[PDB]
Structure formats: C-alpha cells, structure tokens
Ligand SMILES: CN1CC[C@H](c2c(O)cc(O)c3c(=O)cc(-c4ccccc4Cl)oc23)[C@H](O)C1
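In the block that follows, a single chain appears as structure tokens, in the form solved without this ligand.
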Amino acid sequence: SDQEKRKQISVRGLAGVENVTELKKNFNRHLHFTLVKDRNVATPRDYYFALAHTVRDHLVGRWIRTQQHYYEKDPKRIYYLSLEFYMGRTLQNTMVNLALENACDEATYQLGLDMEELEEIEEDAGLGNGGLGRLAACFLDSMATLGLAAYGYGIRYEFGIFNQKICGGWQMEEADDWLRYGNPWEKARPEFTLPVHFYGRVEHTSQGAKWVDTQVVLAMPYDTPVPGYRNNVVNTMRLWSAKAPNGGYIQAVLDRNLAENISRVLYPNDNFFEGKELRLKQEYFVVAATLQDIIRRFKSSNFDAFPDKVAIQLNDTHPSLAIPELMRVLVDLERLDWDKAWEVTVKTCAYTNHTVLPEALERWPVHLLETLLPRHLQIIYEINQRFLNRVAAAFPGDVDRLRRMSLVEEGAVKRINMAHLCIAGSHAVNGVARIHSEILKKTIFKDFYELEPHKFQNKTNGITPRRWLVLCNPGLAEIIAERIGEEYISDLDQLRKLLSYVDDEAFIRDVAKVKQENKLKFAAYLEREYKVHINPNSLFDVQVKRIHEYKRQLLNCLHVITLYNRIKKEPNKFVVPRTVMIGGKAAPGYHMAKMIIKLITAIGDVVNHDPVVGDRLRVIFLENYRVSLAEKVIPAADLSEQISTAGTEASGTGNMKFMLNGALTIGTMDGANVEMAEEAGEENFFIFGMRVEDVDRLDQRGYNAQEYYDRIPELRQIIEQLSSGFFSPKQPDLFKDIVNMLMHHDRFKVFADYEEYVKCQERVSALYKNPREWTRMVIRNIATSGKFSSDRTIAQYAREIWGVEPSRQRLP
C-alpha cells in the first residue's frame, strides 16, 4: 500500500505503437488541450506545435529509459563543454531518427495538413556561429547514435546568431528572437538550479583559501532530448539560463536584468577573439554550473576514481576555465592535496583546437581576471609556476622557451594564454584535420609537443549522415538505398559499394535526376521566398560559410568578374551557364567582411542586368545563411567552393556536406580538403593553387601583390574597374578599402592564387560540358565520402581520448 500504490505512475503505456491512428488522435489532443484551440481558429503555427508535441511524446519513454539506464549501469560519462550548439531545426530530425517520418506524414495528410509546410514554421536553434558550433551538434547526434553516455553542456541563449537581412546591398543585423512562441523541445529543470559566483575576493584562512564576498547568479538548466538513429537512445543537451538570486524598490527589481543578461546573446564572432567581460562571464557561467552538476552526478553513484568516471571535452578554449575551476573545487572545497588534484584534472580534461590564426585565440588580460575571478587567477599562476618548473627541468638553461611556454603573456597588458592553460591541464590536445594537427605540432604548439609528444593527437572532423544526407537529401538517400540498402546511414563507409555502379547507366541517370530535382526545388524556394529568379539549367557554383578574409570570398569575386569580362570581350563565344551563389554572415564589427558582402551584391547589380550576359551568368548573395538554409542549398549544389589560403582553414565541414550530397569540389590543399581529395582521388577533385610550403616560401621573401598586378592584364582590368567605380557608379571610391588591402595588406595572398584558380575553373566547366562524365566523377566522390561521417570521428575520440567503447546495440 501507500508507496506501493505509486507503482501505477509509470511510463508503461504511451501514445500506442507508432502508427497513423494514434498519431492523429494525439495531434488532436495537443491542438485542443495543449494549444487550447480548435480547427476554426488554429493557425498554421498552431498546427506545427500540435505536430511537434505529438512527436516529442515519443521521445519521453526512451529519454527516461536511457537516463535510468546510465544510472543503473553507471558507465564512464562524457561531457562535451561548448559555448555553442548550432542545432538547426528539430522536428524532421526527431521524426527521422525515431522512424516516424512516414507515419506523421500520413497522419497529417488524413487531417488535411501538409507536413512540409508545417516543418517550415520551426525556426533554427542558432546557438552557434558556424563550424565549431555545428560540430558540437553533429557530435551530439553521433554520440547518441553510438550509444555513449554523453551530455552536451552549454548556455541557453535568449538570442542566437543574428538574422541577417540585406538592405541596399548591405548586411543588416536583426535580433534572433527564436524563443518568441516557445520551444516545444526543451524541458526546464528548476530543481537542478545552481549558484555561480563572481567578483569577491580571496582570504587565506588556517585551512586554505576562501572565496568570499561574491556576487551570485543562478543557473537554471533546460534539457533538450538528442535521439540516436533508431537505437532507442535519447541523450541530453543541458543548456544553462541566468536568473537573478532573490535606487529604490522598483529599480532594484528592474536591475535583476543585469545578472540575467549573462545568457542573453551569443557573441557573433567566428574565428575572432573579443575580450569583452560579458563573454568572460558567460564562459565562467557555463563552466561553474556544469562542473557542479558533473560532481553531483559523480557523488550520486573518493576522487581518485573521478577520471575513470568523467571525461570533460573542451570545445576550443572557451570553456577552459574548467581546468582552474575543477582545481578550485577539489583543493578549496574538497580539500585534496594540490598534486593529487592536478593529476585528477589532467586525466579528466582534453582540449580541441580549431584554428591557427593568432587573432582567433583567447588571451584574457589579467586585470579582467583578477577582479572578476580572483581565485582562478591565483590558481592559474600556481599552475603556471609548476608547469614552468617542469619544462625548466626538461630543458635546463632554455630561458626563452620558458618565456614562450608561459601561461602568462607579459607586455603592456599582461594576459593569460588560454590555449597554453588547456595543454598544461589536459591529457590530450587535438587538431581537427590531419594537416591542421601537424601544423600545430610544428608551429604554434611546437614547444609543447616537444615537452609532451604523447598529448598531441588528431581527430579529423565529420558531419552526421542523418541530418546531412537522410534528412536534407531524401532523393539521393533513396536511390542510394535501392542499390545498397540502409545500413550506410550508421556505417557511411558502405557508400564505397557505390563505386561498383560508376558505369551503371541507371544509377548514372538517377544521380543526375536527383540533382536536377534539388536544383529545381531550390530555384522554386528562392523565387517564392525572395522573388529571385535563377536558371535551373546552369551550373550551381556555391560558396557558403561565414564571410572572412581567410576564406577568400574575394578570390571568388575576382573569378566572377573575370567570367563577366571574358563574356563582354567575346559576347558570341559559348560559355557554360553558371549561377554563382555566395552566402554567409559577417561579424557585426568586421568592416572588411561587410565590404565583401557589399561587393558581392554590387557585382550582381551589374552582372545580372547586362543584356548581353542574359541567362549565361548570374551572381546572387544568399541572405541569412544558417543550418536550415544549408540543408536546402547544399543538396542543389554542383560546385563546392573551398578556397581558403593553404594553412588557414583548420578543417572545414561544409566541404564534407557538399561532397556527401553530390557536388564536385574546387579548392586548395587546406584543412580536410586534403583528406577528401585523398579519399576520392585527386583525379576526381579540383585542387589548385599554393600549398602550405608555397605560402611559407612567399612569406620568407615577402608577398608583393604588385608583382601579380603588373604581370596579369586581366587582374589589372578588374582592380581598375573596382577603383574607378564601375561596380559603384554613385560612389566611385566605395571599394577603395578592398583595393588597398588587396594591393598592400593582404595577409591571405589572394592575387597569388588568382591565375591558377581561374584556369582550374576553366577545367570545371570543361567537365560540366559532359554531363555523363561530370556525373560519374560525382559518383566517385559520394562513394568515398564515408570517412567524413561524425560517427567515425566520435568513435576515435571515444577509443583514443575518452577511453570508452562505442556501440550500436539498441535499447528496448
């Protein structure tokens, strides 16, 4: 009795068995009881929510069963700490991974509703800037699919990356109010709310140190379910929200906004460090709450065993304060000896590096750290002293090495090198692509690689075949399925078997048919939503990624102006029609990035209206590039632009998405491009330009852009056009900053790769002229894209860093 009567309360029976009748029944229940509406007043958005709640209900039993499972079994837990999780939309993904897509599609059909229309109502959960943010998302999906006891931990931003609008040809930022109509996926957990401390001071009492007189900010966690692919595993992504703890009364209540501002906006910087105190607060905020929750879970089914039960993966140095914080907790609060604590910390943390550009790495001024986090600075100084002691003993006499390896950067404004803090406090440091990891070992982290070689590894990036194939390209996924089955969805290497079809006329016809369907669908979408007309029988040339000088959208710009100038030169000469699409967001304070967007639209303004050009060349800027737009444009792409200066793009992931969806690649030997070319065969790739060794040689003697300008007539013509106002009649000097940079301050040597890039593009169009051969080369690409699935990347992280074994065994 009594407590035995509570056994009734169980998940036991849900919405049935996963079919049309019960689904309709539940959609209906949600529309009336959850949305408090009826068919006469229900809005399209209401229907979207009704469907989303019905689908979400199917996650619950699994979600509860999975967490119960980890509690019972008690496996080692993996914690992915990141300040970004670029999740995109959740509805379709959930349906696909739960195998409910068809049933929901039919149930919504019988209720007279269009599921595709409804899916379009959901907006992106854009809590990320780009690559690094999307990687965390793909990683969450793969860890679930591989049955790992993994937890994603981040910040629940009220405003994700800004929604970009184009006005007058310029980018305009708009707050991304994604939580306006609520979020049907998350579930707040008040009872796990935790306190995070700031400022204050340190007093050294008999016992040890004490952090006193601090300002408190509460951290309320919101859980979002992350379903693996058809294995009945539902993992959790826990995002923290800032809440005030509990000039006059009114102002005091209005001032609660100050403390809650911590989780207000995602800083829109991609590959760029901005030392704003509010960002430092966000970083400490996610770290402090996360570590408390991790230790709680550890204590609930001493610390010697911590590393055998916990793995903390730092996505970049953003959550690096986890190192000194874990030490603070173990030493100050748990009272362990420093060295035993340090052993535990190193064994627990591992650091992932995503870039080699100096301006993209974190170096916090010590004055900012001493006032905001006084005891963390003290602990960092002690970590530094003991680390420097070790290198000094390993390399006696080498004082300059000590200076280079120090966690503290002396100078006008003393700063703390966070990357150095991470290497010292992690048992594994990793690059995200073979070439990148090697560059780390030879340049920026060389001193560290020499002191601790065992620490450095590589983990080439990947993307999830679920969202990036099954989800976004059903057509491609089905034709691949009719030939080889469905086991590839969680074993991408099986795509290899498609090589056996390279000379199969049916498959060759099908690959091309799927592509043109996608091209047609994308063209329809652009005309409907933006009233933009694009020629579907043109080659879709696409460069989508954040706007950057290192990504060289400018090089792409030089090429399209070349294509235009050549056409005007010889109007009646045939050219492979092209629709050149460039999309991506610029960071608010990045002037050159904003000028590049303006140059792109400016070029289009001339190119797109020249009668002699007509249907032959069209240049368009894809506004507001985000995960959901990627899922639309990537599958309709013919040519994938991956032209960063060799040695600058650590890996890239968009490159992999384009390859998986049937596009041929034109790029440099940079990042993962190297490994992708290796996988498909350089003969099936369009690699061009300088190699890393080539830019290094140019650096040794000095890069003189004038040389290339004096030697290339076609290049001179374009700069002359830019400078004279040909692309900006009403404001002739509009692009003088672009021209000046290119001519005298180009760190990314655009002119040095111009000629080879233009020639390589000539060969791309030569191949496109032969559909049969273009398609056969495409098949050889898709068939070798298997190594780039995040399931592979994750399995390596698991076996070589976390010390846990992946698994595709389903739960009941």
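If you superpose the two forms and keep the largest set of C-alpha atoms that fall within 1.5 Å, you have the rigid core. Only residues modelled in both forms are compared. Sequential numbering from 1, following the sequence displayed.
Unshown form solved in complex with this ligand; subsequent notes refer to it.
Distance criterion of 4.5 Å from any heavy atom to this ligand in the bound PDB entry singles out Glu549 from the list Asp332, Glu549, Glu325, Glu675. Among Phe272, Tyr501, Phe727, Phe688, the residue placing a heavy atom within 4.5 Å of this ligand in the bound PDB entry is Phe272.
With this ligand omitted here, the record of contacts in the bound PDB entry names 583-591 of 557-565, 449-457, 583-591, 728-736, defined by a heavy atom within 4.5 Å. With a 4.5 Å cutoff on heavy atoms, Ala680 does not count as touching this ligand in the bound PDB entry; it lies far away. Interface membership of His744, defined by any non-hydrogen atom within 4.5 Å of this ligand in the bound PDB entry, is ruled out. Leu336 falls outside the set of residues with a heavy atom inside 4.5 Å of this ligand in the bound PDB entry.
Among residues of the shown chain, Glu359 is one whose heavy atoms approach this ligand to within 4.5 Å in the bound PDB entry. Looking at 139-153, no residue comes within 4.5 Å of this ligand in the bound PDB entry, counting any heavy atom.
Once the rigid core is overlaid between this form and the one not shown, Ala15 counts among the residues whose Cα shifts by 2 Å or more.
Note: the CA-CA distance for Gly16 and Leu31 expands in the bound PDB entry relative to this form, by 3 angstroms or more. Distance between the C-alpha atoms of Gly13 and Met143: shorter by at least 3 Å in the bound PDB entry than in the displayed form. Segment displaced between this form and the one not shown is 8-18 alone (run of at least 3 consecutive residues, each Cα moved 2 Å or more after rigid core superposition).
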